[PDB]
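Next come structure tokens for two forms of one protein chain, structure 1 first, structure 2 second.
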Structure 1
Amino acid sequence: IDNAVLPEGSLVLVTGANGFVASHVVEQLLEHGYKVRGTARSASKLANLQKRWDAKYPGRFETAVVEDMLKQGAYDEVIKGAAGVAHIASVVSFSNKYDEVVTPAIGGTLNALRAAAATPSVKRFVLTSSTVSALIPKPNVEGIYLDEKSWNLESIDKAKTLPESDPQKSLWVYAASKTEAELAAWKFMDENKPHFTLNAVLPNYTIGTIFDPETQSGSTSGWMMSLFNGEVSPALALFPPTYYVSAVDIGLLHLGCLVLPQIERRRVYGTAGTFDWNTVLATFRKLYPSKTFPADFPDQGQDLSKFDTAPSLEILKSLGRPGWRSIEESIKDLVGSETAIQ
């Protein structure tokens, strides 16, 4: 990558590297000649992915264990030698209680940022936020344009007082946690003025290959894979139409945020195009004509929102892509195509 701010062969720390989106960030870093150190709560969580990257990119990926993401000093050992950091602000919804979900998301982000501020070698930091830090997808709402100034401020209070019976409450709690974490990151940058530059990537609904299905199935692509296999969730039919984005493209967006000189203090939207479950089902049926699939879902309406994707397309162009990968190609990355083996 010409004029890269992180030299070729530099080491990037990717937190939560076992996660589905994170594993695509790692893969695109490795694909472009960078070394990666990936953290997980236990070595077992990375063993399969470690096996894949040792085969695919020998000697370029290393597992690092961070048992407590919140503990002070948690990243102080693993960050040493890193020229960049990719922190994925993951949300653990083991509970309905706002404080149990939102606070660890902020706390993990601040901990990673503190570690970077104490490491002079770190030059770039990329935070994985979400489009929910701008808005919750709402079908058939006109006049929604999201840009780098759009913030989901409402989600913070809304997530606190929604009825438990509301089918969308978990989505709102996830939105509050992503919003609060991204806000905390930008506030950290302004208050502490650290030596590194921060960028945020805001993926929407990421569709792509699941490298290790046994552990990565609790992901956007994992849910789509369960649908492919004939599973239907009641929350599935109440999910709003939204934007998809290819998992490779999301990995590229993080790579550009880490290495490209023209990308500083940006919020980069991962929003390729709109979709609903019936477009997914139609693509399943074309890719596997012999397979039986669930029936079409009742109409969920249409997403009329639009996103300012100018820095995203700039990054994609700088990294050699004509534009967004198509949903049909993205879905094919996930489920493959029907083959008659002879």
Structure 2
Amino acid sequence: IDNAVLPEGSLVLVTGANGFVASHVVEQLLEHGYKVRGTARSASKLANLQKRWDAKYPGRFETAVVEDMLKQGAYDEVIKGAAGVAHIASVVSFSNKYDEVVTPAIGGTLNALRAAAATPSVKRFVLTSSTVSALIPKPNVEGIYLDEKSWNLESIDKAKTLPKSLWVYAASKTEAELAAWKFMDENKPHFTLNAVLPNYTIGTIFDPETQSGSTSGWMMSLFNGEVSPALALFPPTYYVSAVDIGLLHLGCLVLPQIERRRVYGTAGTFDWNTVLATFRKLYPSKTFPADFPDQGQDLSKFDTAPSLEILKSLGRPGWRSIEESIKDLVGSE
């Protein structure tokens, strides 16, 4: 990578490396010559992914165990020697008290930032956030533009008032990311922070046994013919390729021109009927559900300027298409 701020072969700590999105961040780091120390709550969580990375990138991936993200000193061992940190682990609480969800969300974010601030070798920190820190999609509503100053302030109220799950998740992601930027502003540490905000990530599932509770796992369920009533809870939104998400994290870790940015992972709009149409083109002889009721379309637009700058600097023309992203997940013919 031209002008990479982390020298080739540098070590990057990736927390929560067994997650679906996180595993694509790992893969792109390893693909570009970096060493990765990937954490999980137990070594068994990473066993299958470790075997893949041991074959594909021998000697470049190391499993690490961080059982408790919230513990003081949780990262004291695994941060050592790291030049970059991709913080993809999070504590997701299902408590019916708002503070019991938002407190560990913020705490897990700050715990990693504090460890990085205490480690002089860390030059770059990338936080995995979500487009829900900007908005929950509003189908068929015009005039919505999201830029790097857009925040889901609406979600905090709804999470405290509604007698839902999506709004509570949105509020916790919003508060966690705000706490990260506030940490940088209060403490002015020696490293630079960027955040990647994926929308609906579509790509290859490297380990289906453990990664099927993910955006791509739910899509794979539909490919196999299942029609959960829960599909109606997903509004029309933007997709993004899993490879592209990995590249966006890589660019946030190594590209000199990307500093203090919120990088939207928002390639194009889609709904479940777009997915079904793509399935039918990829597998014309496979049986798929007929179209779902119309849910409207996402008419919002995101400022993807830093995202496209990253992709171009990394040798990509632009976003991977939804057809290619879904093919990465399900194959073709």
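Note that the rigid core is defined as the largest set of C-alphas that superpose within 1.5 Å between two forms. Throughout, residue numbering runs from 1 along the sequence of structure 1.
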Answer among 149, 97, 187, 265 for the CA shift between the two structures that reaches 2 Å or more, rigid core superposed: 97
Per-residue C-alpha deviation between the two structures [residue 290; rigid core superposition; Å]: 1.6
Cα displacement of residue 238 between the two structures, core-superposed (Å): 3.5
Core-referenced Cα shift (Å), residue 123, between the two structures: 0.1
